[PDB]
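What follows is one chain in structure tokens, specifically the form solved without the partner chain.
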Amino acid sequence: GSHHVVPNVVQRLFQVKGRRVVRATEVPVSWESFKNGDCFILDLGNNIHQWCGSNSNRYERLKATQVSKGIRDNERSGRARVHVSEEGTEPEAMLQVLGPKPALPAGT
């Protein structure tokens, strides 16, 4: 019809962590939640950002892919796009959501 005036889903962040047992758990959407030893999945609805820290292990990296693709396929009927980045290669879209990055420790 001519006017759509009655309303009406939110950003989420998942931590992917473990070795023997790799677990995905929801955490606050914030840079403060990120850790260099794990992988994180930032669900923005139409885009999913998959980020692995420099010290993440292979099982976390594999599980992170499974989680990203699971949201894409099971929740977004395959239409959301997945972007893999890592520590230091984050795309501008992540910074728009999460704001300025945590500074690196002096002397890198």
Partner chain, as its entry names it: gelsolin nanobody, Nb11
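Residue numbers count along the first chain shown, from 1.
What comes next is about the form deposited with the partner chain bound, which does not appear here.
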| query | finding |
| --- | --- |
| Contact flag, residue 83 vs the partner chain in the bound PDB entry, heavy atom cut 4.5 Å | yes |
| 4.5 angstroms heavy atom contact with the partner chain in the bound PDB entry for residue 90 | yes |
| Residues from 39 to 56 in contact with the partner chain (non-hydrogen atom within 4.5 Å) in the bound PDB entry | 44, 47, 49 |
